[PDB]
Amino acid sequence: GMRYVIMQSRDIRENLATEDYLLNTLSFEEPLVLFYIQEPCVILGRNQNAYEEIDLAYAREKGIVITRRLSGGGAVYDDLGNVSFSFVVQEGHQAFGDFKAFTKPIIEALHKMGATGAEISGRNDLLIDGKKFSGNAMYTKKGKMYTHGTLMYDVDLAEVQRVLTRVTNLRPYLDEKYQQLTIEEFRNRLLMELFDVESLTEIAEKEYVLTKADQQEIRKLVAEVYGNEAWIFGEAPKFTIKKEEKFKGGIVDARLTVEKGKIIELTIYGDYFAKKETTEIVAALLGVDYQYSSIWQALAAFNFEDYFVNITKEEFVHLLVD
Ligand SMILES: O=C(O)CCCC[C@@H]1CCSS1
Ligand SMILES: [Cl-]
């Protein structure tokens, strides 16, 4: 039943908007697989601090496009040596955070293309010979989700390290016949492995082609979100207290203003994954007494599996107040 979309743009902002738009107009009838390629860019996780993750002056110098995605996780640098994939599907009860199930077909395709021993590790990365060639993230909204990931074929690894504040390319591990492909050919071969065919003509009717009504709405998302300075960089947090810890589920970085024993301002940054927006947690804490019992009580009704995957409510409250 799956369909596919090959994005034509080389702009990360248009490609993310396309994914956003396709998730928001998905039918249960057909899940999608998306493939997209873009020019030098950095993509921030949903709750990351732009100013701490990127060397902005260097990105500015080199014309590296900065944006922010809807999924959690960390910062990624992409260039024309990367292809990104996305599985857009109806969310089953167990599905969110199950990177093993969602990356299985990519691993199997890569194994078939000669990259044997490729495996999932650190929960959301794909490794080969102990080295990361892919990071993955998930987003869900209203029972629909995507899992999207990078595949480093011929990324400039030096540039990755320079613009962000063990990794590897796939090319050396693939069979000889796949070792001198264009990034487009690499993408197309992956696609063919996923649908278990020899040529694209065997699945041309499974392509979904973006209409002009689609393109118009995507254009609006780029203006309002993915190219929007307010969305990308966010407002400066007002704070005198910073609490940062690494948990099983990633880093949480909390910035607080406390006055007369009450929380007046709170900003939460991190690279955790989440089904729901962190803004709801912040809204519940504003004006609350800055003490464990009062903070816990304010968050009593929240299911923390929804807000911070693999970080407990107790951990979070202790972070805020210890
Ligand atoms: O590994 C992480 O922590 C984040 C990975 C995010 C992958 C996204 C793919 C399409 S845009 S960036
Ligand atoms: Cl909980």
# chains A, B, ... in the order shown; residues from 1 in each chain; ligands from 1

$ residues_around --residues "residue A:288" --least-positions-apart "5" --cutoff "9 Å" --atoms "only C-alpha atoms" --output "VMD selection string"
chain A and resid 261 to 264 294 to 295 298

$ residues_near_ligand --ligand "ligand 2" --cutoff "12 Å" --atoms "only C-alpha atoms and all ligand atoms" --output "MDAnalysis selection string"
chainID A and resid 296:297 299:317

$ write_last_selection --atoms "N, CA, C and O atoms" --output "tab-separated table (two decimals), in the first residue's frame"
chain	number	residue	atom	x	y	z
A	296	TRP	N	5.94	19.38	41.55
A	296	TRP	CA	5.40	18.05	41.26
A	296	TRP	C	3.86	18.10	41.14
A	296	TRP	O	3.28	17.62	40.15
A	297	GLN	N	3.21	18.74	42.12
A	297	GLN	CA	1.76	18.86	42.13
A	297	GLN	C	1.23	19.58	40.87
A	297	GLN	O	0.24	19.16	40.30
A	299	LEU	N	2.56	19.40	38.00
A	299	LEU	CA	2.75	18.47	36.90
A	299	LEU	C	2.09	17.10	37.15
A	299	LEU	O	2.34	16.15	36.40
A	300	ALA	N	1.27	17.02	38.19
A	300	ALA	CA	0.68	15.73	38.62
A	300	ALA	C	-0.04	15.00	37.49
A	300	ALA	O	0.11	13.78	37.35
A	301	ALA	N	-0.82	15.73	36.69
A	301	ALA	CA	-1.71	15.07	35.71
A	301	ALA	C	-1.00	14.68	34.44
A	301	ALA	O	-1.57	14.00	33.63
A	302	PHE	N	0.24	15.10	34.26
A	302	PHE	CA	0.93	14.91	32.98
A	302	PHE	C	1.53	13.52	32.92
A	302	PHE	O	2.11	13.04	33.91
A	303	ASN	N	1.38	12.87	31.77
A	303	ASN	CA	2.06	11.59	31.49
A	303	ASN	C	3.35	11.89	30.84
A	303	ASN	O	3.40	12.24	29.64
A	304	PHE	N	4.43	11.73	31.59
A	304	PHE	CA	5.74	12.14	31.09
A	304	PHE	C	6.28	11.30	29.93
A	304	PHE	O	7.14	11.78	29.22
A	305	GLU	N	5.74	10.09	29.71
A	305	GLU	CA	6.03	9.36	28.47
A	305	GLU	C	5.67	10.23	27.23
A	305	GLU	O	6.29	10.09	26.19
A	306	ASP	N	4.70	11.15	27.38
A	306	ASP	CA	4.28	12.03	26.27
A	306	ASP	C	5.22	13.22	26.03
A	306	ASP	O	5.33	13.70	24.90
A	307	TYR	N	5.85	13.71	27.08
A	307	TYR	CA	6.58	14.96	27.03
A	307	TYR	C	8.09	14.83	26.96
A	307	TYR	O	8.77	15.69	26.36
A	308	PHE	N	8.63	13.79	27.58
A	308	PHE	CA	10.09	13.55	27.58
A	308	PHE	C	10.28	12.07	27.55
A	308	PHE	O	10.14	11.41	28.60
A	309	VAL	N	10.55	11.51	26.37
A	309	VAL	CA	10.77	10.05	26.26
A	309	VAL	C	11.99	9.63	27.08
A	309	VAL	O	13.07	10.22	26.95
A	310	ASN	N	11.82	8.61	27.92
A	310	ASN	CA	12.93	8.09	28.76
A	310	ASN	C	13.55	9.08	29.79
A	310	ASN	O	14.74	8.97	30.15
A	311	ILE	N	12.74	10.05	30.24
A	311	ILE	CA	13.11	10.95	31.32
A	311	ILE	C	11.91	11.02	32.23
A	311	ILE	O	10.83	11.34	31.76
A	312	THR	N	12.08	10.68	33.51
A	312	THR	CA	10.93	10.56	34.42
A	312	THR	C	10.51	11.94	34.99
A	312	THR	O	11.29	12.92	34.99
A	313	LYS	N	9.29	12.00	35.49
A	313	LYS	CA	8.78	13.20	36.10
A	313	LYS	C	9.65	13.56	37.31
A	313	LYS	O	10.06	14.70	37.46
A	314	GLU	N	9.96	12.56	38.15
A	314	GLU	CA	10.83	12.76	39.30
A	314	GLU	C	12.21	13.34	38.90
A	314	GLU	O	12.68	14.29	39.49
A	315	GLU	N	12.83	12.76	37.88
A	315	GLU	CA	14.10	13.29	37.33
A	315	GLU	C	14.01	14.77	36.92
A	315	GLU	O	14.92	15.58	37.22
A	316	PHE	N	12.94	15.09	36.23
A	316	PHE	CA	12.73	16.43	35.72
A	316	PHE	C	12.51	17.41	36.86
A	316	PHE	O	13.11	18.51	36.88
A	317	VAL	N	11.69	17.05	37.83
A	317	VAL	CA	11.42	17.99	38.90
A	317	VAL	C	12.72	18.23	39.71
A	317	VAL	O	13.04	19.36	40.03

$ select_by_dssp --residues "stretch 71-320 of chain A" --states "strand (DSSP E or B)" --output "PyMOL selection string"
chain A and resi 76-78+82-90+119-121+125-128+131-141+144-152+164+167+207+241-247+250-259+262-270+289

$ closest_residue --among "A:162, A:111, A:276, A:318" --to "residue A:142" --atoms "only C-alpha atoms"
A:276

$ residues_around --residues "residue A:258" --least-positions-apart "5" --cutoff "12 Å" --atoms "only C-alpha atoms" --output "PyMOL selection string"
chain A and resi 238-242+263-266+285-291+320-321

$ write_last_selection --atoms "N, CA and C atoms" --output "CSV table (one decimal), in the first residue's frame"
chain,number,residue,atom,x,y,z
A,238,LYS,N,14.7,34.6,29.4
A,238,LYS,CA,15.0,35.4,30.5
A,238,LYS,C,15.3,34.6,31.7
A,239,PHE,N,16.5,34.6,32.2
A,239,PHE,CA,16.9,33.7,33.3
A,239,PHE,C,18.1,34.1,34.1
A,240,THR,N,18.2,33.7,35.3
A,240,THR,CA,19.4,33.8,36.2
A,240,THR,C,19.9,32.4,36.6
A,241,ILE,N,19.1,31.3,36.4
A,241,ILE,CA,19.4,30.0,36.9
A,241,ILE,C,19.4,29.1,35.7
A,242,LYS,N,20.4,28.3,35.5
A,242,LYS,CA,20.4,27.3,34.4
A,242,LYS,C,20.7,25.9,35.1
A,263,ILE,N,8.3,30.7,40.3
A,263,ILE,CA,8.8,30.7,38.9
A,263,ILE,C,8.1,31.7,38.1
A,264,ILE,N,8.9,32.7,37.6
A,264,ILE,CA,8.4,33.8,36.8
A,264,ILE,C,8.6,33.5,35.3
A,265,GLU,N,9.7,32.9,35.0
A,265,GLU,CA,10.1,32.6,33.6
A,265,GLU,C,10.8,31.2,33.5
A,266,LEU,N,10.4,30.4,32.5
A,266,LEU,CA,11.0,29.1,32.3
A,266,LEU,C,11.1,28.8,30.8
A,285,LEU,N,4.0,25.6,34.9
A,285,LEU,CA,4.9,25.9,36.0
A,285,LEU,C,5.0,27.4,36.2
A,286,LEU,N,4.5,28.3,35.3
A,286,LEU,CA,4.6,29.7,35.5
A,286,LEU,C,3.7,30.1,36.7
A,287,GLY,N,4.3,30.8,37.7
A,287,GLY,CA,3.7,31.3,38.9
A,287,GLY,C,3.6,30.2,40.0
A,288,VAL,N,4.3,29.1,39.8
A,288,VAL,CA,4.3,28.0,40.8
A,288,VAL,C,5.4,28.2,41.8
A,289,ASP,N,5.2,27.9,43.0
A,289,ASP,CA,6.2,28.0,44.0
A,289,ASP,C,7.4,27.2,43.7
A,290,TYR,N,8.6,27.7,43.8
A,290,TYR,CA,9.8,27.1,43.4
A,290,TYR,C,10.3,26.1,44.5
A,291,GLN,N,9.5,24.9,44.5
A,291,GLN,CA,9.9,23.9,45.5
A,291,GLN,C,9.4,22.5,44.9
A,320,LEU,N,14.9,20.6,38.0
A,320,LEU,CA,14.5,22.0,38.1
A,320,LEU,C,14.9,22.6,39.4
A,321,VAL,N,14.8,21.9,40.5
A,321,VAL,CA,14.9,22.4,41.9
A,321,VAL,C,16.2,22.1,42.7

$ residues_around --residues "stretch 176-186 of chain A" --least-positions-apart "6" --cutoff "12 Å" --atoms "only C-alpha atoms" --output "PyMOL selection string"
chain A and resi 6-8+10+35-39+79-85+109-110+112-115+151-155+169-170+192-193+199-200

$ write_last_selection --atoms "N, CA, C and O atoms" --output "compact mmCIF listing (two decimals), in the first residue's frame"
# COMPACT_ATOMS: atom_id res chain seq x y z
N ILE A 6 9.45 11.72 -4.22
CA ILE A 6 10.82 12.16 -4.43
C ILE A 6 10.80 13.67 -4.50
O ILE A 6 10.32 14.24 -5.45
N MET A 7 11.33 14.33 -3.49
CA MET A 7 11.28 15.80 -3.47
C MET A 7 12.26 16.37 -4.46
O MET A 7 13.40 15.90 -4.54
N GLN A 8 11.82 17.38 -5.19
CA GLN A 8 12.58 17.94 -6.32
C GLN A 8 13.49 19.07 -5.86
O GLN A 8 14.51 19.32 -6.44
N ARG A 10 16.16 21.38 -3.61
CA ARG A 10 17.40 21.17 -2.83
C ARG A 10 17.50 22.14 -1.64
O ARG A 10 18.60 22.43 -1.15
N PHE A 35 11.83 10.84 0.13
CA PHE A 35 13.27 10.96 -0.02
C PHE A 35 13.59 12.38 -0.39
O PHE A 35 12.98 12.94 -1.32
N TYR A 36 14.55 12.97 0.33
CA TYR A 36 14.94 14.32 0.05
C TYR A 36 16.39 14.61 0.25
O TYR A 36 17.02 14.10 1.16
N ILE A 37 16.89 15.49 -0.61
CA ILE A 37 18.26 15.90 -0.67
C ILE A 37 18.30 17.42 -0.64
O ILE A 37 17.43 18.08 -1.23
N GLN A 38 19.30 17.98 0.04
CA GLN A 38 19.42 19.44 0.17
C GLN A 38 20.87 19.92 0.21
O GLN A 38 21.79 19.17 0.60
N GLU A 39 21.05 21.18 -0.18
CA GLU A 39 22.33 21.88 -0.08
C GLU A 39 22.71 22.16 1.39
O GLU A 39 21.82 22.19 2.27
N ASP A 79 24.46 17.99 3.50
CA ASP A 79 24.92 18.58 2.25
C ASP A 79 24.52 17.64 1.12
O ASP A 79 23.82 16.64 1.36
N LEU A 80 24.98 17.91 -0.11
CA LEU A 80 24.56 17.10 -1.26
C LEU A 80 25.12 15.67 -1.23
O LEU A 80 24.87 14.88 -2.16
N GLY A 81 25.89 15.33 -0.19
CA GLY A 81 26.34 13.94 0.05
C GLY A 81 25.42 13.14 0.98
O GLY A 81 25.71 11.97 1.29
N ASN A 82 24.33 13.77 1.43
CA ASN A 82 23.31 13.13 2.25
C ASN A 82 22.01 12.89 1.47
O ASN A 82 21.64 13.70 0.64
N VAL A 83 21.33 11.79 1.76
CA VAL A 83 19.91 11.66 1.42
C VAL A 83 19.12 11.38 2.69
O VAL A 83 19.52 10.60 3.53
N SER A 84 17.99 12.04 2.83
CA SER A 84 17.17 11.85 3.99
C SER A 84 15.98 11.05 3.57
O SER A 84 15.53 11.15 2.43
N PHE A 85 15.51 10.19 4.46
CA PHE A 85 14.34 9.40 4.19
C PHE A 85 13.30 9.70 5.27
O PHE A 85 13.65 10.13 6.37
N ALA A 109 17.90 -2.93 3.24
CA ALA A 109 18.26 -2.40 1.92
C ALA A 109 19.79 -2.17 1.82
O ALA A 109 20.41 -2.53 0.83
N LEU A 110 20.37 -1.60 2.87
CA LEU A 110 21.80 -1.33 2.89
C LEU A 110 22.61 -2.62 2.90
O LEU A 110 23.62 -2.72 2.19
N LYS A 112 21.63 -5.33 1.51
CA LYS A 112 21.51 -5.82 0.13
C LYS A 112 22.40 -5.05 -0.84
O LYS A 112 22.77 -5.55 -1.89
N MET A 113 22.73 -3.82 -0.49
CA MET A 113 23.61 -3.02 -1.33
C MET A 113 25.09 -3.20 -0.94
O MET A 113 25.96 -2.49 -1.45
N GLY A 114 25.36 -4.14 -0.02
CA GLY A 114 26.73 -4.55 0.32
C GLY A 114 27.24 -4.07 1.68
O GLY A 114 28.32 -4.47 2.12
N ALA A 115 26.47 -3.21 2.34
CA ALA A 115 26.89 -2.61 3.61
C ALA A 115 26.50 -3.51 4.79
O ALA A 115 25.70 -3.12 5.66
N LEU A 151 21.10 9.68 5.79
CA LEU A 151 22.02 8.65 5.33
C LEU A 151 23.23 9.34 4.71
O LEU A 151 23.15 9.93 3.62
N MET A 152 24.34 9.26 5.40
CA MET A 152 25.58 9.85 4.90
C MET A 152 26.27 8.96 3.85
O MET A 152 26.86 7.91 4.16
N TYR A 153 26.21 9.41 2.59
CA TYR A 153 26.81 8.70 1.47
C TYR A 153 28.16 9.28 1.17
O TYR A 153 29.14 8.54 1.06
N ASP A 154 28.21 10.60 1.03
CA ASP A 154 29.45 11.36 0.74
C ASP A 154 29.43 12.78 1.37
O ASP A 154 29.82 13.75 0.73
N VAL A 155 29.01 12.86 2.63
CA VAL A 155 28.97 14.10 3.33
C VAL A 155 30.40 14.53 3.62
O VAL A 155 31.28 13.69 3.77
N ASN A 169 30.95 7.79 6.27
CA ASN A 169 30.15 7.70 5.07
C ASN A 169 29.93 6.26 4.67
O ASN A 169 30.78 5.41 4.93
N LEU A 170 28.80 6.00 4.02
CA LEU A 170 28.49 4.67 3.53
C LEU A 170 29.28 4.22 2.34
O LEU A 170 29.45 3.04 2.16
N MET A 192 14.37 1.49 -4.79
CA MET A 192 14.17 0.22 -5.47
C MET A 192 14.33 -0.98 -4.54
O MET A 192 13.58 -1.95 -4.66
N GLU A 193 15.29 -0.92 -3.62
CA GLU A 193 15.43 -1.96 -2.59
C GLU A 193 14.24 -2.02 -1.66
O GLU A 193 13.75 -3.10 -1.36
N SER A 199 13.87 -1.76 -11.38
CA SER A 199 13.81 -0.43 -12.00
C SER A 199 12.64 0.39 -11.47
O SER A 199 11.62 -0.16 -11.02
N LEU A 200 12.79 1.71 -11.56
CA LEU A 200 11.76 2.65 -11.12
C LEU A 200 10.46 2.51 -11.91
O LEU A 200 9.40 2.81 -11.39

$ residues_near_ligand --ligand "ligand 1" --cutoff "8 Å" --atoms "only C-alpha atoms and all ligand atoms" --output "PyMOL selection string"
chain A and resi 12+16+43-45+69+71-78+84-86+124-125+134-137+148-150+271

$ decode --residues "stretch 237-288 of chain A" --atoms "C-alpha atoms" --output "short mmCIF file (atom, residue, chain, number, x, y, z; two decimals), in the first residue's frame"
data_model
loop_
_atom_site.label_atom_id
_atom_site.label_comp_id
_atom_site.auth_asym_id
_atom_site.auth_seq_id
_atom_site.Cartn_x
_atom_site.Cartn_y
_atom_site.Cartn_z
CA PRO A 237 15.12 33.17 27.45
CA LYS A 238 14.98 35.45 30.51
CA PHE A 239 16.92 33.69 33.27
CA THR A 240 19.37 33.78 36.17
CA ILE A 241 19.38 29.99 36.87
CA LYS A 242 20.44 27.25 34.44
CA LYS A 243 19.96 23.53 35.22
CA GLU A 244 21.38 21.04 32.74
CA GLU A 245 21.55 17.25 32.96
CA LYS A 246 21.96 14.25 30.63
CA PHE A 247 19.40 11.46 31.13
CA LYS A 248 18.74 8.15 29.39
CA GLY A 249 16.46 10.15 27.02
CA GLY A 250 18.97 12.92 26.31
CA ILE A 251 19.92 16.36 27.60
CA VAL A 252 17.45 18.72 29.33
CA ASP A 253 18.61 22.36 29.83
CA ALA A 254 16.24 24.46 31.95
CA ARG A 255 16.53 28.24 32.26
CA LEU A 256 14.65 29.88 35.14
CA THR A 257 13.82 33.23 36.61
CA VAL A 258 12.67 32.93 40.22
CA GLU A 259 11.32 35.88 42.21
CA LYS A 260 9.90 35.82 45.73
CA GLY A 261 10.05 32.03 45.64
CA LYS A 262 7.98 31.70 42.45
CA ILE A 263 8.84 30.66 38.95
CA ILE A 264 8.36 33.76 36.77
CA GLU A 265 10.08 32.57 33.57
CA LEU A 266 10.97 29.09 32.30
CA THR A 267 12.51 27.91 29.04
CA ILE A 268 13.31 24.26 28.41
CA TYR A 269 15.87 23.22 25.84
CA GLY A 270 17.13 19.75 24.96
CA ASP A 271 17.60 16.97 22.47
CA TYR A 272 15.00 14.59 23.91
CA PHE A 273 12.13 13.06 21.96
CA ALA A 274 8.47 13.86 22.78
CA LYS A 275 4.97 13.18 21.53
CA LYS A 276 3.73 16.51 22.84
CA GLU A 277 5.01 20.07 22.94
CA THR A 278 7.12 21.12 25.89
CA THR A 279 5.28 24.49 26.00
CA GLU A 280 2.43 22.77 27.94
CA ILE A 281 4.89 21.85 30.76
CA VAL A 282 6.19 25.45 30.89
CA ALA A 283 2.69 26.91 30.98
CA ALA A 284 1.85 24.73 34.02
CA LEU A 285 4.88 25.92 35.96
CA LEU A 286 4.57 29.69 35.54
CA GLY A 287 3.66 31.29 38.88
CA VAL A 288 4.25 28.04 40.78
#
